[PDB]
Structure formats: structure tokens, C-alpha cells
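Structure file input-v4.cif (mmCIF, C-alpha atoms and all ligand atoms) is printed below.
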data_query
#
loop_
_atom_site.label_atom_id
_atom_site.label_comp_id
_atom_site.auth_asym_id
_atom_site.auth_seq_id
_atom_site.Cartn_x
_atom_site.Cartn_y
_atom_site.Cartn_z
CA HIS A 4 26.17 -13.88 20.51
CA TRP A 5 22.51 -13.50 19.73
CA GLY A 6 20.23 -10.84 21.14
CA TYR A 7 17.45 -8.44 20.21
CA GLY A 8 19.35 -5.42 18.87
CA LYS A 9 19.73 -4.28 15.29
CA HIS A 10 23.01 -6.13 14.82
CA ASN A 11 22.23 -9.43 16.56
CA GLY A 12 18.43 -9.63 16.68
CA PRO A 13 15.75 -11.81 15.07
CA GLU A 14 16.60 -10.89 11.47
CA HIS A 15 20.17 -12.16 11.99
CA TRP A 16 19.47 -15.39 13.87
CA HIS A 17 19.16 -17.54 10.75
CA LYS A 18 22.90 -17.24 10.00
CA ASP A 19 23.82 -19.32 13.07
CA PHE A 20 20.46 -21.11 13.48
CA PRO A 21 19.18 -21.93 9.98
CA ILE A 22 16.04 -23.53 11.46
CA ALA A 23 14.96 -19.89 11.97
CA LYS A 24 13.47 -20.22 8.46
CA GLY A 25 11.93 -23.62 9.19
CA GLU A 26 8.48 -25.04 8.73
CA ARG A 27 7.10 -24.69 12.28
CA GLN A 28 8.61 -21.54 13.76
CA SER A 29 7.12 -19.46 16.56
CA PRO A 30 5.60 -17.08 17.41
CA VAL A 31 2.77 -16.66 14.91
CA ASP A 32 -0.16 -14.34 14.45
CA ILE A 33 -3.36 -15.97 15.72
CA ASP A 34 -6.09 -15.20 13.20
CA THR A 35 -9.10 -15.72 15.44
CA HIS A 36 -11.52 -16.08 12.54
CA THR A 37 -9.50 -18.85 10.88
CA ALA A 38 -8.81 -20.77 14.11
CA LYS A 39 -11.26 -23.67 14.40
CA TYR A 40 -12.88 -25.18 17.48
CA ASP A 41 -11.50 -28.69 17.99
CA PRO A 42 -13.89 -31.07 19.80
CA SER A 43 -11.08 -33.64 20.13
CA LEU A 44 -9.16 -31.50 22.65
CA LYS A 45 -9.49 -32.91 26.17
CA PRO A 46 -9.93 -30.65 29.20
CA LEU A 47 -6.74 -28.75 30.01
CA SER A 48 -5.30 -29.42 33.47
CA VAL A 49 -2.90 -26.93 35.06
CA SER A 50 -1.76 -28.54 38.34
CA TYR A 51 0.56 -26.10 40.10
CA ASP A 52 -0.48 -26.69 43.75
CA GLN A 53 2.85 -28.33 44.68
CA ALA A 54 5.14 -26.11 42.59
CA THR A 55 8.56 -25.48 44.15
CA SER A 56 10.21 -22.34 42.84
CA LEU A 57 13.93 -22.07 43.52
CA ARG A 58 15.68 -19.10 41.95
CA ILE A 59 15.35 -16.13 39.61
CA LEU A 60 18.09 -15.46 37.04
CA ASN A 61 18.85 -12.61 34.62
CA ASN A 62 20.27 -14.54 31.65
CA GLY A 63 20.96 -11.46 29.51
CA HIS A 64 17.84 -12.03 27.39
CA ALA A 65 15.06 -12.12 30.00
CA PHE A 66 14.70 -13.32 33.58
CA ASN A 67 13.82 -16.94 34.37
CA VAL A 68 11.99 -18.11 37.49
CA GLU A 69 13.24 -21.68 37.90
CA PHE A 70 11.43 -24.63 39.47
CA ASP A 71 12.37 -27.97 40.95
CA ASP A 72 11.51 -30.45 38.19
CA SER A 73 12.99 -33.56 39.87
CA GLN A 74 9.41 -34.82 40.43
CA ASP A 75 5.90 -34.16 39.09
CA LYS A 76 5.40 -31.23 41.46
CA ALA A 77 3.89 -28.88 38.87
CA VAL A 78 2.50 -30.35 35.66
CA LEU A 79 0.42 -29.52 32.62
CA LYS A 80 -1.78 -32.24 31.11
CA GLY A 81 -4.81 -32.54 28.87
CA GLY A 82 -5.85 -30.26 26.06
CA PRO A 83 -3.75 -31.20 23.03
CA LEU A 84 -1.15 -32.97 25.15
CA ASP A 85 -0.38 -36.68 25.27
CA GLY A 86 0.89 -37.47 28.78
CA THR A 87 2.48 -35.30 31.45
CA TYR A 88 4.58 -32.16 31.03
CA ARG A 89 6.60 -30.82 33.97
CA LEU A 90 7.14 -27.11 34.70
CA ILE A 91 10.81 -26.11 34.54
CA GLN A 92 10.74 -22.30 34.35
CA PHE A 93 8.78 -19.23 33.40
CA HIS A 94 9.91 -15.98 31.80
CA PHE A 95 8.43 -12.98 29.97
CA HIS A 96 8.90 -10.97 26.78
CA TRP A 97 8.06 -7.28 26.86
CA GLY A 98 8.36 -3.98 25.04
CA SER A 99 9.86 -0.55 25.42
CA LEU A 100 6.30 0.86 25.38
CA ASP A 101 2.91 -0.61 26.18
CA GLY A 102 1.94 -0.96 22.48
CA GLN A 103 4.39 -3.81 21.84
CA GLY A 104 6.10 -6.65 23.63
CA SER A 105 4.16 -9.85 22.98
CA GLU A 106 5.50 -12.54 20.66
CA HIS A 107 2.18 -14.03 19.60
CA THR A 108 -0.30 -11.53 18.21
CA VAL A 109 -4.10 -11.80 18.05
CA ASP A 110 -5.53 -10.58 14.73
CA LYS A 111 -2.21 -8.67 14.48
CA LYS A 112 -2.74 -6.95 17.86
CA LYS A 113 0.41 -6.79 20.00
CA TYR A 114 0.08 -6.95 23.79
CA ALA A 115 2.40 -5.19 26.24
CA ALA A 116 4.07 -8.46 27.26
CA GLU A 117 3.76 -12.24 27.17
CA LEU A 118 4.42 -14.82 29.91
CA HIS A 119 5.76 -18.26 28.96
CA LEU A 120 5.49 -21.20 31.36
CA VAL A 121 7.84 -23.85 29.92
CA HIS A 122 7.18 -27.57 30.48
CA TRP A 123 8.92 -30.73 29.25
CA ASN A 124 7.40 -34.10 28.38
CA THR A 125 8.30 -36.53 31.15
CA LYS A 127 8.40 -39.50 28.77
CA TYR A 128 11.83 -38.18 27.66
CA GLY A 129 13.39 -38.03 31.12
CA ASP A 130 15.24 -34.67 30.94
CA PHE A 131 14.72 -31.29 29.30
CA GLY A 132 17.80 -31.90 27.16
CA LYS A 133 16.39 -35.08 25.64
CA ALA A 134 12.96 -33.49 25.33
CA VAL A 135 14.39 -30.81 22.99
CA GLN A 136 15.42 -33.60 20.62
CA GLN A 137 11.76 -34.58 20.16
CA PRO A 138 8.88 -33.09 18.12
CA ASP A 139 6.60 -33.28 21.17
CA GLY A 140 9.23 -32.54 23.78
CA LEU A 141 7.91 -29.25 25.18
CA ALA A 142 4.65 -27.51 25.99
CA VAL A 143 4.66 -23.75 26.56
CA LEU A 144 1.66 -22.06 28.16
CA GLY A 145 1.53 -18.48 26.89
CA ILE A 146 -0.37 -15.69 28.64
CA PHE A 147 -0.75 -12.16 27.34
CA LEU A 148 -0.27 -9.12 29.58
CA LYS A 149 -2.16 -5.85 29.14
CA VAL A 150 -1.70 -2.74 31.25
CA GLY A 151 -4.53 -1.78 33.59
CA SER A 152 -5.01 -2.87 37.18
CA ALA A 153 -2.07 -4.39 39.04
CA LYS A 154 -1.65 -8.17 39.20
CA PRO A 155 -1.10 -8.92 42.90
CA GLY A 156 0.51 -12.29 42.21
CA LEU A 157 3.17 -10.63 40.04
CA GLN A 158 4.38 -8.16 42.66
CA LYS A 159 6.87 -10.52 44.33
CA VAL A 160 8.57 -10.95 40.95
CA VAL A 161 8.64 -7.18 40.34
CA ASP A 162 10.15 -6.47 43.74
CA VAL A 163 13.10 -8.86 43.31
CA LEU A 164 14.19 -7.46 39.94
CA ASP A 165 16.32 -4.73 41.55
CA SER A 166 18.56 -7.54 42.85
CA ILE A 167 19.11 -9.14 39.41
CA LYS A 168 19.54 -6.01 37.32
CA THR A 169 22.36 -7.30 35.14
CA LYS A 170 23.23 -10.38 33.12
CA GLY A 171 24.42 -13.29 35.23
CA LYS A 172 22.86 -12.18 38.51
CA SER A 173 20.51 -14.51 40.37
CA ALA A 174 18.59 -14.49 43.65
CA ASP A 175 16.77 -17.00 45.81
CA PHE A 176 13.13 -17.14 44.80
CA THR A 177 11.49 -19.85 46.87
CA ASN A 178 7.81 -20.22 47.74
CA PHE A 179 6.49 -18.38 44.70
CA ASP A 180 3.07 -19.59 43.53
CA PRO A 181 2.70 -19.40 39.72
CA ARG A 182 -1.08 -19.84 40.05
CA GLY A 183 -1.19 -16.12 40.81
CA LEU A 184 -0.15 -15.35 37.22
CA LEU A 185 -3.11 -17.05 35.53
CA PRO A 186 -6.30 -15.41 34.23
CA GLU A 187 -9.74 -16.69 35.22
CA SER A 188 -10.46 -18.56 31.98
CA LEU A 189 -8.39 -21.36 30.49
CA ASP A 190 -9.85 -20.94 26.98
CA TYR A 191 -6.91 -21.31 24.59
CA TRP A 192 -5.54 -21.63 21.08
CA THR A 193 -3.00 -24.33 20.24
CA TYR A 194 -0.63 -25.10 17.39
CA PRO A 195 2.75 -26.84 16.84
CA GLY A 196 5.78 -24.55 16.87
CA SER A 197 9.24 -23.83 18.19
CA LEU A 198 11.31 -22.11 20.80
CA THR A 199 11.12 -18.37 20.11
CA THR A 200 14.77 -17.89 21.11
CA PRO A 201 17.87 -19.53 19.66
CA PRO A 202 18.33 -22.42 19.16
CA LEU A 203 14.75 -22.13 17.78
CA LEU A 204 14.17 -25.88 18.07
CA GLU A 205 10.87 -27.20 16.69
CA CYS A 206 9.78 -29.11 19.80
CA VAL A 207 6.89 -27.08 21.20
CA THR A 208 3.16 -27.57 21.53
CA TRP A 209 2.01 -23.98 22.07
CA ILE A 210 -1.03 -23.35 24.28
CA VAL A 211 -1.88 -19.63 24.23
CA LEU A 212 -4.61 -18.43 26.59
CA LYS A 213 -7.26 -16.15 25.10
CA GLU A 214 -7.81 -14.09 28.26
CA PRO A 215 -4.97 -11.64 29.06
CA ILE A 216 -3.92 -10.82 32.59
CA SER A 217 -3.83 -7.17 33.61
CA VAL A 218 -0.66 -5.74 35.17
CA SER A 219 -0.10 -2.15 36.22
CA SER A 220 2.04 0.36 34.37
CA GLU A 221 4.29 0.48 37.44
CA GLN A 222 4.82 -3.29 37.28
CA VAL A 223 5.86 -3.37 33.61
CA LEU A 224 7.99 -0.24 34.05
CA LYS A 225 10.08 -2.23 36.53
CA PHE A 226 10.63 -4.97 33.91
CA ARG A 227 12.03 -2.21 31.68
CA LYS A 228 14.68 -1.23 34.27
CA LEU A 229 16.47 -4.56 33.88
CA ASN A 230 19.66 -4.64 31.81
CA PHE A 231 20.80 -6.88 28.96
CA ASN A 232 24.41 -6.04 29.86
CA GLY A 233 26.51 -7.40 32.70
CA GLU A 234 27.61 -5.52 35.80
CA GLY A 235 30.05 -2.72 35.11
CA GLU A 236 29.19 -2.49 31.42
CA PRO A 237 27.35 0.38 29.70
CA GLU A 238 23.63 0.24 30.32
CA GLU A 239 21.44 -1.41 27.66
CA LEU A 240 17.89 -1.54 28.99
CA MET A 241 16.26 -4.98 28.70
CA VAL A 242 13.30 -4.01 26.49
CA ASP A 243 11.85 -5.34 23.22
CA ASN A 244 13.06 -8.89 23.90
CA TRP A 245 10.42 -10.37 21.60
CA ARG A 246 10.63 -12.19 18.27
CA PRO A 247 8.03 -11.05 15.71
CA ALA A 248 5.46 -13.36 14.18
CA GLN A 249 6.76 -15.96 11.74
CA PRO A 250 5.09 -17.60 8.71
CA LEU A 251 2.33 -20.04 9.59
CA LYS A 252 3.21 -22.31 6.65
CA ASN A 253 1.39 -25.66 6.74
CA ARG A 254 -0.25 -25.24 10.15
CA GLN A 255 -3.69 -24.79 11.65
CA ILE A 256 -4.49 -23.10 14.94
CA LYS A 257 -7.14 -24.91 16.95
CA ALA A 258 -9.42 -23.34 19.56
CA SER A 259 -10.54 -25.01 22.78
CA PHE A 260 -13.78 -23.01 22.83
CA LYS A 261 -16.77 -22.89 20.51
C1 LIG B 1 16.53 -22.21 25.22
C2 LIG B 1 15.86 -23.17 26.18
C3 LIG B 1 15.00 -22.49 27.23
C4 LIG B 1 13.78 -21.82 26.64
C5 LIG B 1 12.63 -22.53 26.34
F1 LIG B 1 12.58 -23.85 26.60
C6 LIG B 1 11.53 -21.94 25.75
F2 LIG B 1 10.45 -22.71 25.53
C7 LIG B 1 11.52 -20.59 25.43
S1 LIG B 1 10.05 -19.89 24.68
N1 LIG B 1 10.26 -18.33 24.48
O1 LIG B 1 9.95 -20.55 23.41
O2 LIG B 1 9.03 -20.13 25.67
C8 LIG B 1 12.66 -19.87 25.74
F3 LIG B 1 12.74 -18.54 25.52
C9 LIG B 1 13.75 -20.48 26.32
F4 LIG B 1 14.85 -19.73 26.55
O1 LIG B 2 -10.61 -32.83 5.54
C1 LIG B 2 -11.33 -32.11 6.54
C2 LIG B 2 -10.45 -31.73 7.71
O2 LIG B 2 -9.51 -30.75 7.23
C3 LIG B 2 -8.52 -30.40 8.21
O3 LIG B 2 -7.63 -29.50 7.65
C4 LIG B 2 -9.19 -29.80 9.45
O4 LIG B 2 -8.21 -29.62 10.47
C5 LIG B 2 -10.28 -30.72 9.98
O5 LIG B 2 -10.97 -30.12 11.08
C6 LIG B 2 -11.24 -31.12 8.87
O6 LIG B 2 -12.18 -32.07 9.37
ZN ZN B 3 9.48 -17.12 25.79
#

Would you write the structure of this file as C-alpha cells?
Ligand SMILES: CCCc1c(F)c(F)c(S(N)(=O)=O)c(F)c1F
Ligand SMILES: OC[C@H]1O[C@@H](O)[C@H](O)[C@@H](O)[C@@H]1O
Ligand SMILES: [Zn+2]
Amino acid sequence: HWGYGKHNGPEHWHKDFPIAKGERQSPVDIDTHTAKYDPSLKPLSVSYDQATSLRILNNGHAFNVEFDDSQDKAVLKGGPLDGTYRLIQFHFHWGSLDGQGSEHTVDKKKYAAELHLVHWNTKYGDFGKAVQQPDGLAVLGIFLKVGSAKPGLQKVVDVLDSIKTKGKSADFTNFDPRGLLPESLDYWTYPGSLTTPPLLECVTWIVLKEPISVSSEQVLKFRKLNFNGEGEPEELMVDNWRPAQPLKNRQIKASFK
């Protein structure tokens, strides 16, 4: 199956997922000079006060922190979005070294990692139906740089030892995703896709301009996870990022002047 190595990574995905060469693939490089302020964007509303985290899972590609999405407990609205999008999970992409790891780039600069908060459009009733729609998903992307520690990330870091290998999960209740946000909600937005197979072109991307800072020790613990399952030879879970894809007939809009 697909992965991030030389024999099953991003340059191979198109053979089983031909949309990999499609017209609105993600991630992309964000050329900050070409992005244009869009006065039609409404204020962005991140409403995570009632979020209910449930579980953390190593899926062999990354780790997902999963939420209860049976009600509008944690929703994203506003900005470029029409209606209400419900948080289902978050996960990260990261590198083997601090100089790489993000999927989106900013004037070609790669960050050490990138956080994705995945939301589905409630007008479609379930995530599965949402990924049949051009406006089915909204992903809030947040860059990570290495500097001071992020206190709100530490609970995630400390549980990773219990989900080292593919297929392991652990209870992860009462986690507040608000502790992963930067101060500013200035953002860039464009239409794109899932960055993992099946690469479906369903996503409104909202990428925050301000990175969060995490400590070297925190990201080093990400890099101790394993792509492999228990009992199998160790393949460190690093460099689980897709590189930037062609922008094609798209414009990136900025929320800020
Ligand atoms: C495959 C369905 C689950 C899933 C998403 F919905 C999604 F949006 C992303 S991403 N990197 O584009 O944010 C994923 F990596 C991912 F695995
Ligand atoms: O025709 C002019 C229009 O061109 C579009 O490509 C831009 O997104 C708009 O901001 C601009 O007003
Ligand atoms: Zn992602």
C-alpha cells in the first residue's frame, strides 16, 4: 500500500490514484507576493470550546487525534466557508530534521512540521458523503517551527510512547485543541485536495500565516513513532509529507491586507 518511502511514496501515488495529477491538488507553495487580499472573506470563526476528543491512533502514516462529531461540538465557520464545518480529527506531518516536514511552503520555505485540523461540511451529513463533494471539507493548517515549547502540545507528545506502532490507539479524552493555535488567525485560502491518498479534491484549505513554536524535544518525540506494526523491523515515522503540487488554475487569497 501507499506510504512515504522511495518505493511507495508521493511520486508513485498516481498509479493507483490518478487524481494525483489533477487540477486542484494539495499542498502548494504559497507565493506571498502573488496572494491577494480578499475583502469578500467574512471573519473566520474557530469555535472549539465544546470539543470532545476521544482517542489517538497511529494509522501507519501519522497519528490522528479523533473527536466526537455526532453534534456541532467543535466547528469552523466564516472566512471562505459557506455554512458549518465540524471537526473530526487532527494530525501532523513532519520531517526527519527541522529543515523539512511541512506540506505547504511559504515562498518555498519549508517548516519543521504542519498541523491539520480536518472538518466536514454538515450539509452533507457524514464525512463519507462530504468527500463526494467539491466543498465537502475544510482543513485548517498551522505551521510548526522549533523554538520554545508549546505547552498545549505536551499531552500529545507524552502519549506517543503508547502508540508507537501502526494500529495502536489510546484513550485521549479531554484534550483542548485551542492550545495548538497561534495568536493570530490571519490566513491564506485556496481550493485543493486531501494530501494523502485517495487525494480527493474536496478541500477548502485555510492555512494560518503565524506558525506555532514547539521545542526540539517535542518534535524529536514525533520522530520516535514507527510506520511499521508491532514486531516488525523499525521504520521511523519521519518525512510523512507530500511536496508542493502545481497550482494550475488557482489563486491564493489572503485574509489580511
Ligand atoms: C483520508 C481521509 C482522512 C484525511 C483527511 F480528511 C485529510 F483532510 C487529510 S489532509 N492531510 O489533507 O489534511 C488527511 F491526511 C487524511 F488522512
Ligand atoms: O477580472 C478581475 C478579477 O480577476 C480575478 O482573477 C481576481 O481574483 C479578482 O480579484 C479580480 O477582481
Ligand atoms: Zn494532513

**Study point:** Env. residues ligand LIG 1 (chain B) / 10 Å / all atoms listed in the file / as an NGL selection string
**Key:** :A and (28-30 or 62 or 64-67 or 91-96 or 106 or 117-123 or 131-132 or 134-135 or 140-145 or 196-209 or 244-246)

**Study point:** residue 79 (chain A) environment, 9 Å, only C-alpha atoms, sequence neighbours closer than 4 positions dropped, as an MDAnalysis selection string
**Key:** chainID A and resid 47:51 84 86:90 122 142 144

Review point. From the list A:133, A:159, A:127, A:9, which residue is nearest residue 75 (chain A) when using only C-alpha atoms?
Key: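 Selected residue with least distance to residue 75 (chain A): A:127.
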
Practice item. Would you kindly return, as a VMD selection string, each protein, DNA or RNA residue with an atom no farther than 8 Å from any atom of residue 16 (chain A), considering all atoms listed in the file and excluding same-chain residues fewer than 5 positions away? Key: chain A and resid 5 11 21 23 201

Generate the output file for the selected residues, C-alpha atoms, as a short mmCIF file (atom, residue, chain, number, x, y, z; two decimals), in the coordinates of the input.
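Final file, selection_36.cif:
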data_model
loop_
_atom_site.label_atom_id
_atom_site.label_comp_id
_atom_site.auth_asym_id
_atom_site.auth_seq_id
_atom_site.Cartn_x
_atom_site.Cartn_y
_atom_site.Cartn_z
CA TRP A 5 22.51 -13.50 19.73
CA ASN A 11 22.23 -9.43 16.56
CA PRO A 21 19.18 -21.93 9.98
CA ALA A 23 14.96 -19.89 11.97
CA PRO A 201 17.87 -19.53 19.66
#

Practice item. Work out how far apart atom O3 of ligand LIG 2 (chain B) and CA of residue 85 (chain A) are and give it in Å to one decimal. Key: 20.4 Å

Write out as an mmCIF file with C-alpha atoms, in the frame of the given file each polymer residue (protein, DNA or RNA) that has an atom no more than 9 Å from ligand LIG 2 (chain B), with only C-alpha atoms and all ligand atoms counted.
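Wrote part28.cif, looks like this:
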data_model
loop_
_atom_site.group_PDB
_atom_site.id
_atom_site.type_symbol
_atom_site.label_atom_id
_atom_site.label_comp_id
_atom_site.auth_asym_id
_atom_site.auth_seq_id
_atom_site.Cartn_x
_atom_site.Cartn_y
_atom_site.Cartn_z
ATOM 1 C CA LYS A 39 -11.260 -23.670 14.400
ATOM 2 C CA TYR A 40 -12.880 -25.180 17.480
ATOM 3 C CA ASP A 41 -11.500 -28.690 17.990
ATOM 4 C CA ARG A 254 -0.250 -25.240 10.150
ATOM 5 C CA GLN A 255 -3.690 -24.790 11.650
ATOM 6 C CA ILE A 256 -4.490 -23.100 14.940
ATOM 7 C CA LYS A 257 -7.140 -24.910 16.950
#

Check your understanding: Between CA of residue 178 (chain A) and CA of residue 57 (chain A), what is the distance, to one decimal in Å?
Key ->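 These two atoms are separated by 7.7 Å.
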
Study note, to complete from the structure: In Å and to one decimal, CA of residue 36 (chain A) is distant from CA of residue 216 (chain A) by 22.1 Å

Review point. Using only C-alpha atoms and all ligand atoms, which of the listed residues (A:34, A:107, A:185, A:253) sits closest to ligand ZN 3 (chain B)?
Key: A:107

Determine the axis-aligned bounding box of all atoms of region 128-135 of chain A present in the file, pad each side by 8 Å, and express its centre and edge lengths in Å to one decimal place as lines of an AutoDock Vina configuration file.
center_x = 14.8
center_y = -34.5
center_z = 27.1
size_x = 22.0
size_y = 23.4
size_z = 24.1

Point to revise | For residue 97 (chain A), the nearest of the candidates A:163, A:115, A:189, A:240, counting all atoms listed in the file | key: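 Ranking A:163, A:115, A:189, A:240 by distance to residue 97 (chain A), first place goes to A:115.
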
Practice item. Considering all atoms listed in the file, state which residue in the set A:43, A:105, A:217, A:74 is at the smallest distance from ligand ZN 3 (chain B). Key: A:105

Exercise for review: Show which residues sit within 12 Å of residue 152 (chain A), as an NGL selection string. Count all atoms listed in the file, and ignore same-chain residues fewer than 4 positions away.
Suggested key: :A and (148 or 157 or 215-223)

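In this comparison, which uses all atoms listed in the file, the residue of A:24, A:261, A:170, A:252 approaching residue 191 (chain A) most closely is A:261.
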
Around the point (21.1, 1.1, 27.0) in the file's coordinates, collect all residues with an atom within 12 Å, using only C-alpha atoms, and return them as an mmCIF file with C-alpha atoms, in the coordinates of the input.
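Generated file (part_37.cif):
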data_model
loop_
_atom_site.group_PDB
_atom_site.id
_atom_site.type_symbol
_atom_site.label_atom_id
_atom_site.label_comp_id
_atom_site.auth_asym_id
_atom_site.auth_seq_id
_atom_site.Cartn_x
_atom_site.Cartn_y
_atom_site.Cartn_z
ATOM 1 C CA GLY A 8 19.350 -5.420 18.870
ATOM 2 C CA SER A 99 9.860 -0.550 25.420
ATOM 3 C CA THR A 169 22.360 -7.300 35.140
ATOM 4 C CA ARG A 227 12.030 -2.210 31.680
ATOM 5 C CA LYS A 228 14.680 -1.230 34.270
ATOM 6 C CA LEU A 229 16.470 -4.560 33.880
ATOM 7 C CA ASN A 230 19.660 -4.640 31.810
ATOM 8 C CA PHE A 231 20.800 -6.880 28.960
ATOM 9 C CA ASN A 232 24.410 -6.040 29.860
ATOM 10 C CA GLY A 233 26.510 -7.400 32.700
ATOM 11 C CA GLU A 236 29.190 -2.490 31.420
ATOM 12 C CA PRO A 237 27.350 0.380 29.700
ATOM 13 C CA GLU A 238 23.630 0.240 30.320
ATOM 14 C CA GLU A 239 21.440 -1.410 27.660
ATOM 15 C CA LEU A 240 17.890 -1.540 28.990
ATOM 16 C CA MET A 241 16.260 -4.980 28.700
ATOM 17 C CA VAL A 242 13.300 -4.010 26.490
ATOM 18 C CA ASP A 243 11.850 -5.340 23.220
#

Point to revise | Shortest interatomic distance to residue 175 (chain A) - which of A:153, A:260, A:211, A:60, counting only C-alpha atoms | key: A:60
